[PDB]
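> Take a look and give me a structure for this.
(4 chains, ligands or ions: 11)
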There are 4 protein chains.
Amino acid sequence: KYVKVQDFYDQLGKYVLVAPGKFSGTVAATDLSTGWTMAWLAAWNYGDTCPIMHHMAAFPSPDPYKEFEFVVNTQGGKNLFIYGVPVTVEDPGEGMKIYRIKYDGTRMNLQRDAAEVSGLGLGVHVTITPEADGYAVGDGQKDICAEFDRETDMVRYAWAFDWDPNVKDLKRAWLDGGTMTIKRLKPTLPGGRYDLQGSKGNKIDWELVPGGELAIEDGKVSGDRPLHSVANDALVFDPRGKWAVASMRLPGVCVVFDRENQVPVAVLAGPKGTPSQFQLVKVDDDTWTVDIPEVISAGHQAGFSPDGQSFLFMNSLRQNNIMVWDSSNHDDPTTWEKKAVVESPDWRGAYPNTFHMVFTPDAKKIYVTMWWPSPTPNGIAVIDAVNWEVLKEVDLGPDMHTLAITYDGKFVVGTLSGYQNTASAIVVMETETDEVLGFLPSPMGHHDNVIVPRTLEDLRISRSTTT
Amino acid sequence: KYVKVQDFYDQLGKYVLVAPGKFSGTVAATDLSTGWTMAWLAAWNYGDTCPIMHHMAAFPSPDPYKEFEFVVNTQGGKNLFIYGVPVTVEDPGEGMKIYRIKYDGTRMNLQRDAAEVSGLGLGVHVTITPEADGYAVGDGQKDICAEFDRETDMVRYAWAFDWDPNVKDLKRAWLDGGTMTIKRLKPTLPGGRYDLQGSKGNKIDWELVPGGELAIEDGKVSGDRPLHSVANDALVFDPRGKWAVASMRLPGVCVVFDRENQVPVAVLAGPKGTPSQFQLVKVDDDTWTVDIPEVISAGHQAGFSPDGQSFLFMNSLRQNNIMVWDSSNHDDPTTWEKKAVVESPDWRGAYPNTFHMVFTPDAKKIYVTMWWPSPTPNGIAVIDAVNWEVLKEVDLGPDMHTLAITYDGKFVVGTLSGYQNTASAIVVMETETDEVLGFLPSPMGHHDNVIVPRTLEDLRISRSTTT
Amino acid sequence: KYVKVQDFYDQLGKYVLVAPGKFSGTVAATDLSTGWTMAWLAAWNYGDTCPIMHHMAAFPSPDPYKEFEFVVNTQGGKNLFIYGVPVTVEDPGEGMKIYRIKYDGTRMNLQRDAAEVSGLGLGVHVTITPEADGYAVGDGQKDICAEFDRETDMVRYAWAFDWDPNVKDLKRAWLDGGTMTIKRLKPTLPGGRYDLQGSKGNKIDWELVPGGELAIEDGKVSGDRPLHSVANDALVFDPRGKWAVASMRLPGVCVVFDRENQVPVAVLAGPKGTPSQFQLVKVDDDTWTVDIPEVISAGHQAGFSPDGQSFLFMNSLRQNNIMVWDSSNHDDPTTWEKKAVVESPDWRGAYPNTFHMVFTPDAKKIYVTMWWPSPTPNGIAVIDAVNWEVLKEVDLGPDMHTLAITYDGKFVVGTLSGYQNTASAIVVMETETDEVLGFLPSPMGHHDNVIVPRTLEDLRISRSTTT
Amino acid sequence: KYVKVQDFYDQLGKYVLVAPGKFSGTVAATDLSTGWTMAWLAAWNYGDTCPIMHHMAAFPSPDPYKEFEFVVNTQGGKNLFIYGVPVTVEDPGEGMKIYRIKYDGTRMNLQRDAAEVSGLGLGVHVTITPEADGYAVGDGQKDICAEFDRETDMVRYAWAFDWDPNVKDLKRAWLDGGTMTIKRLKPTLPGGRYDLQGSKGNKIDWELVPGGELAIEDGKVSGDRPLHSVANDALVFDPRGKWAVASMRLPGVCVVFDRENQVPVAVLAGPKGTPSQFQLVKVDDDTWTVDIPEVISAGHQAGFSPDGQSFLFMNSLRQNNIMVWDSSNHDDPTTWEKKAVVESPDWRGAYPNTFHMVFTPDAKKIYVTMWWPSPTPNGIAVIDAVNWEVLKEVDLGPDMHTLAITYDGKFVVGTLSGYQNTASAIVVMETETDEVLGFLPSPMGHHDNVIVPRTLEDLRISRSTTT
Ligand SMILES: [Cu+2]
Ligand SMILES: [Cu+2]
Ligand SMILES: [Cu+2]
Ligand SMILES: [Cu+2]
Ligand SMILES: [Cu+2]
Ligand SMILES: [Cu+2]
Ligand SMILES: [Cu+2]
Ligand SMILES: [Cu+2]
Ligand SMILES: [Cu+2]
Ligand SMILES: [Cu+2]
Ligand SMILES: [Cu+2]
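Numbers count the residues shown, from 1 in each chain, chains lettered A, B, ... in the order given. Ligands and ions are numbered 1, 2, ... in the order given. Shown next is the structure:
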């Protein structure tokens, strides 16, 4: 006569979901096999005065129920003012903290702020190296990305990016092309530390929102240096090692970096109608430039399929499509060539935008998100990654954010975030016939989620290769 | 082929669950028919620098999905340092805020802080008047309870309680008995406002924890005047009207108040072995005293059955039982007499402690919480409220708190809260055969939860008659 | 045959004197033309539990006998314990109230508490803007000063000041210099309100007394953060408009602010032997710093001459003198240069200290107080403000406080306040030949007094330009 | 060139004025030879929660500049709610404190509360015994007067008065006559202490205002037992010793008491048209009664000329006159007979009410106050005390209260108190030709004032023989 919710969880397996809460100021881990929150942490408990808990990634652990470690960052300043919430803290904390957190089988333990350890605070995507010996963070207000060592929380290398527009007018500054500089960033404080915590470094006062390339062009984003902005988003990793790729929203390119030798090696060009690559020019041992004649479209999501054979960059807003490179030559990224573009009427108009993806373990399908401003239903589109075509899309609810997948490939687990003020949930869809199985309560504004990986191999379809 | 969680929710009915999050700093409403969080609010977004979101109660709304209004209060000061969270907050806010919040069918809207409007801040239980025309709040650091007008947030009446121990030292102050003073508290500021916001009026520096009667006796609770403490917990309402009952943890009594005439009328004596009532003595128009020759045990939970015929007070710690009075004579509480005592061989230890209850609509069963300190499993006991016997005890997990019931009587919904740092969940139990149907994630440390009532009759089994 | 006291008052003209009473808890307006107190008000009647009525200023009124409005603030907490009075209050109010009071021709009426309207409570000097459209208040326990809107009692701008001493030992924290931060202070609560009423924000538990910079160095002033104190005193106005100046006692500087654009523009260096100015450094749009290599002396009284040509700051205790800048360039305070120091062989001891002044309407003379601890007679010094020389000193009695002048320039009216427990009076001195005409009874501990101005020109020699 | 106010003071002589401040909460002593306030005290500094400083009297001292002691009492409860002031303290302290204060030549020292010592709290007139070995206080809410020992502050004797109306109806309770009881009051606590502090014993909730005999008749005075009220006012002393006289406002009588034998001896009948005396009946050793056929008018002011030859009682409201008895027979007050009535065509209305008086040292003249509700000017009448006629009436200003005289008989010094919310001052009048010399500021609501006596003979025209 009665339904037990346990039957629903029994089918999911012994997987641990973890998600930060953005405006909620919290991070939580959930047992998908029982429905319990295993543990949660509220950053205000630690004196954090603007705990916008933003992106995160978890290191593999052979048994997450015993222990696991993750990294979660924060945003601050005027990022507090860009949602519908009529917040009242007019001068909030500067955020850009990089927290190290460990779950010990019972509770979450805040271990330290790595931005205080290294001196470098970064506020957008967090990713784990495929060796699980470190992590990377990017930031689109300072335009810096860095890989950090896991043991020491010290920077291994950090790169700063700068835009020199052909036309020094905000409306034309990207559309009419410009030169992007890539500059090795060196510490200036004793013990090899950076002087770049909080707001130090910020070119603009908040991270650009969806369709923010328009806001910046119209002079609606305050800051010292918006003409010089490229809006770095992420540093993602080739799961075969060696390469890391930094994605630049505004000039619509990704930069391939040699992790070991600490040099850029290639610049991939995002928009449909451009060549596979632009020309990287060395200026000196610390400085490279790339000329971009015009920016046909901004881009956002960047990442690798889990065999590392395909590299993807999503064009957004001006174009909406998935640009796909053959990246099978692991020895030379300057040979990576455009091999497909995924297009669909599903990419209706300016919206939806696709900012998140996850692959199946065998690389044959991709789940990608479809985001719209309130009130249009947001949801998930399924991509056949062999023919590079959209299979299907499903409507879910408001404000779709990140996707993770269970490591046996059976269930995609996503978050919907209420634009920080309305309905929010965890969503579960089964990959066998791509049907939504339903929603679980989630009183948080997640801009990220992961399933804690068990092995290095698990990282290939976790927060390492994609965002 | 797969199980859809939507079948679980389909059986529950169109009920909205609301709960604050204690250390999470948040409050959230969830749609039990779909599993979505409907909306959540983080008080740090509104300049709250100690947002320990504490107790709450919801006003009836003819359609909660369209809108509903609720009340939620906060604790602050040293309440921050008494859980297993290693807090590093320098100057915590003082709490005792009394927020008015409105869900408008999309989001929660902070309306105002009634502690600022009225001047009176209180940080323990919140209850709705059975007329839905106001609310009451109690506090066990200041020992004050008051009923507030719903429309103006001004106080209707407030009462201050004070202990005068027979023996002047903490170990014996309650054991060897004393006299409690009941004092009409009137305002002192322009506009008829109190001067009692934040920590003003505190006798002790945190609310007593479970078994905290022993901590205070042993000189382990700091504050200005712990010898004067009575630890008021709540002001609960007779569903038939007229009467309100203030519970006093330390001297193990409840005081019955006439609401419209604004006078105390009876003192109910908690512990097994004491008479039905103690002698209330009028000292003047604003002051009453009651002599308590010895305090056999402290008490906590207090409430009426939904038809007003029974009144309950839980003895806790030194005795663990449910004391029951016949309150069927609505016209005169000085006639209310003890009629039954629920006891169990399981409750001889210090724990479990039973601090929360909910009746079924027909009043024949009560569900009560069984709390233990870590690591003993916490649960729910089912009480036969016709024969006053325990039917059944179910184990669930750590740190059990409040219970609500859907208004057709079919499902109990509870919260488990991880002691603010471990596993946390919403539990659902069906009342036909008293079986646990499972758990939903809830990354919050709730010490309260309600189902939003639609009618005044629904309040009889919500946060009005019991806590 | 008999002397009529009316013949004495006939000569003073139709001027209204207003003074708060400090420990008396009262404030009073006196008619200098008849000897009557026109009206008085006792703040304990309005539920004030620490009514230390502190500083005040009065808005101009076309006819003060018909009506006038004024602002008066309060101090609390341990300010109650630092005078000679053996107070026995156990739970004193926190003070920092900012009362708006209106005399209506018959009585005083308490309009409201601006600290409750704005959320910002401040307990030291109160000043009227030169346009009479607002008022300012400083505070040296919180180190915050602010200009408020007269119609709404909301803050126009507020500045917080913090000391970062070179040496982290109280004895040398100021002598060995440090860096002061000047931070824009923004609200945190709904309605644009601050959360800084009462003791919220205090770095130290009472305002430093005369020479109390030795006590703080000596570890004798309790508080959460005495190493960060600068003891802000006042915010005084350029009678020509545009600029406001904040005095800081401990590091011996004044900061010039642009009121319109809301930025600091200059730092004036107090001690003889320092440059005219120290270098103001902008850190971001809300934050400036200034490096002070050493603090040679603390300073106190600060004010402009009524034509705005001269700015003055008194060095107190370690040097006793009047530092004078040329402020004739209204367009650029960074050009203001020291042009004179008033010294006297009589001022080479630790005392007298000169904490108050008033100019004649033509700016040619100043009357300045000479304060000493008991038992040395306190008095008034007359300063030649063209040659910058002491003209005359006259002894009066104990504990000299403020000086006001009748707006025709003819009579200086001051207050002596018995150290809150001995002799107190109003003194009347004629300015033609600078003789004391006598004393009038005043049972009050006034630390302030004003003559109600009639015009905006009158404010140039009232509580607007000097304290 | 200028008039010095010092010439005004030089003519008054070396006299010390002292006055309490009623709503100001303060008391203050003023040097009439210099214009300085010598010292003031604020009762709120000592924790007094309703410092309505009411009546006072000073002991003689050989040199008041070097030191003097005085007694000053307070009122509490609903006496706070009876003036213009919109007070906000809804539940004030109960008052009825009797403070001992010493001026030590520098400051006021609060020595103790005699009401705590003795356990008897009384709130109306305070007088000094003519031997200066004690003082007396009366109270018109409890209807008790007592003489206290100066060294111990213990009661020598206390008397309770009770009214038993011929008709139990408030309107006719006095008019239609009744029996007053005079009852010896004995201590009821260990150590010879009373249990009558604060509001203990009150029959009505405030002291009757001028004409308040109409308010109590009309049911407008709240309290336990207004039908039992006599409104006792004062206990004044025959300057020849032996006799004390207790005045009763509502029944229009004075009771003469033998101080040494502690027994009433006579009842003087106030109203014009009644015999000299009514018949005192002994009931037992502790109890006497007197039948009052009907009460034609209420009375108030009562006192002796400084030689003890005349005793006066003022009828007020229903008749306004001065009733005079020949009290030359020091050995037997049952022989004292009416000898004159001072009447005026100007006293036909309900007002003015003549509540206070002082004689010149040779007993030839009397200065009596003429009080009216706002807005009629209040003033002073001069009485020829040889022919029992009015010599002169002068108008002064609002709210005239008490009069004292310099002991050389040259200057009458009085207080006006602005109904606690408007204009207040000290007035000085020369007695040779009865001219007002003018006003000094006094930001106080004085209902009493004295000049400190130097000898036992000075007391005869101080707050000992009259009020
Ligand atoms: Cu991104
Ligand atoms: Cu985000
Ligand atoms: Cu409780
Ligand atoms: Cu709690
Ligand atoms: Cu609970
Ligand atoms: Cu000052
Ligand atoms: Cu002063
Ligand atoms: Cu002061
Ligand atoms: Cu009287
Ligand atoms: Cu009087
Ligand atoms: Cu009086």
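
> Number of residues surrounding residue A:169?
By the criterion of other C-beta atoms under 10 Å in any protein chain shown, residue A:169 has 12 neighbours. C-beta coordinates here come from the backbone N, C-alpha and C atoms, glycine included.

> show me what contacts it?
Applying C-beta atoms under 8 Å, 6 or more residues apart in numbering or on different chains, we find residue A:169 in contact with no residue.

> can you do 10 Å?
A:176, A:217, A:219, A:227 (C-beta atoms under 10 Å, 6 or more residues apart in numbering or on different chains).

> what about the third one, how many neighbours?
Around residue A:219 there are 11 other residues, counting by other C-beta under 10 Å.

> My read is that residue A:156 contacts residue A:131, right?
No - Residue A:156 is not in contact with residue A:131 according to C-beta atoms under 10 Å; the separation is 11.7 Å.

> about what we covered before: among the contacts of residue A:169, which lie within helices?
Using DSSP state H, the members of the contacts of residue A:169 that fall in helices are residue A:217.

> Give the buried subset of the contacts of residue A:169 as a PyMOL selection command.
Buried subset of those, written as a PyMOL selection, criterion 16 or more other C-beta atoms under 10 Å in any protein chain shown:
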select buried, chain A and resi 217+227
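
> Which pair in the contacts of residue A:169 has the greatest spatial separation?
Pairwise distances among those were taken by C-beta to C-beta; the largest, 16.2 Å, belongs to A:176 and A:219.

> Looking at chain A, what residue ends up closest to ligand 7?
Nearest to ligand 7, among the residues of chain A, is residue A:91, at 33.7 Å (C-beta to the ion).

> how near is that residue to residue B:414?
Computed with C-beta to C-beta, to the nearest Å, the distance linking residue A:91 and residue B:414 is 41 Å.

> which one of these two has more residues nearby?
For the pair residue A:91 and residue B:414, the greater number of neighbours falls to residue B:414 (28 against 17), based on other C-beta under 10 Å.

> ok, then the element right after the helix or strand where the more buried one lies?
Residue B:414 is located in strand B:411-417, with elements delineated by DSSP states H and E. In the C-terminal direction, the helix or strand that comes right after strand B:411-417 (DSSP H and E) is strand B:424-430.

> angle of that next one against strand B:411-417?
Taking axes from the mean of the first three to the mean of the last three C-alpha atoms, to 10 degrees, strand B:424-430 and strand B:411-417 form an angle of 160 degrees between their directions.

> Following the chain past strand B:424-430, name the next helix or strand.
Counting by DSSP H and E, the element after strand B:424-430 in chain order, helix or strand, is strand B:435-441.

> wait, does the helix or strand following that following strand make contact with ligand 5?
Secondary structure here is assigned by DSSP H and E; on that basis, the next helix or strand after strand B:435-441 toward the C-terminus is strand B:450-451. No - figure legend: strand B:450-451 not in contact with ligand 5 (C-beta under 5 Å from the ion); closest approach 12.6 Å.

> which residues touch strand B:450-451?
Contact with strand B:450-451 is made by B:13, B:15-19, B:29, B:32, B:55-58, B:64, B:70, B:126, B:128, B:358, B:402, B:404-407, B:411, B:413, B:458-459, B:461-464, as judged by C-beta under 10 Å, 6+ apart.

> What residues of stretch A:399-415 count as buried?
A:399-407, A:409-415.

> which SS state does the residue of chain A closest to ligand 7 fall under?
Of the three states, residue A:91 takes coil under DSSP: H, G, I helix; E, B strand; the rest coil.

> Quick check: it touching residue C:183?
Yes - using C-beta under 10 Å, residue A:91 is in contact with residue C:183, at 8.7 Å.

> any common contacting residues for those two?
Shared contacts of residue A:91 and residue C:183, defined by C-beta under 10 Å, 6+ apart, comprise residue C:286.

> count of residues packed around residue A:291?
The local packing of residue A:291 (other C-beta under 10 Å) involves 15 other residues.

> Quickly run through the sheet partners of the helix or strand where it lies, with directions.
Counting by DSSP H and E, the secondary-structure element that holds residue A:291 is strand A:287-292. Strand A:287-292 has the following sheet partners, assigned by DSSP bridges: strand A:178-184 (antiparallel), strand A:280-284 (antiparallel).

> Centre of the chain to that strand, how far?
The offset between the C-alpha centroid of strand A:287-292 and the centroid of the whole chain comes to 24 Å, using C-alpha atoms, centre = their mean, to the nearest Å.

> what comes into contact with it?
Outside strand A:287-292, the residues that touch it by C-beta under 10 Å, 6+ apart are A:159, A:162-166, A:174, A:176-184, A:248, A:251-253, A:255, A:263-267, A:269-270, A:274, A:277-283.

> Go again with 7 Å.
Counting by C-beta atoms under 7 Å, 6 or more residues apart in numbering or on different chains, strand A:287-292 makes contact with A:177-183, A:251, A:253, A:264, A:267, A:278-283, all of which sit outside it.

> hmm, which of those are the buried ones?
Burial by neighbour count, 16+ other C-beta under 10 Å: within the contacts of strand A:287-292 this picks out A:177, A:178, A:180, A:181, A:182, A:183, A:251, A:253, A:264, A:267, A:278, A:280.

> now, which of those sits nearest chain B?
Comparing these against chain B with C-beta to the nearest C-beta picks out residue A:251 as the nearest, at 34.0 Å.

> ok, that closest one to residue A:243 distance?
According to C-beta to C-beta, residue A:251 stands 20 Å off from residue A:243.

> Would you list the phi and psi of residue A:48?
The phi and psi torsions at residue A:48 (degrees, to the nearest 10) take the values phi -80, psi 110.

> if I pick it, what's in contact with it?
By C-beta under 7 Å, 6+ apart, the residues touching residue A:48 are A:74, A:93, A:97.

> For the stretch 101-250 of chain A, which segments count as helices?
A:114-118, A:212-217 (DSSP state H, counting those that start in this stretch).

> For the stretch 51-200 of chain A, list the residues in contact with ligand 10, please.
For the stretch 51-200 of chain A, the contact set with ligand 10 under C-beta under 5 Å from the ion is empty.

> Can you name the residue of the stretch 51-200 of chain A nearest ligand 10?
Each residue of the stretch 51-200 of chain A has a distance to ligand 10, by C-beta to the ion, and the smallest belongs to residue A:88, at 53.4 Å.

> Let me know the next secondary structure element after the strand holding residue A:291.
Towards the C-terminus, the helix or strand next in line after strand A:287-292, according to DSSP H and E, is strand A:299-304.
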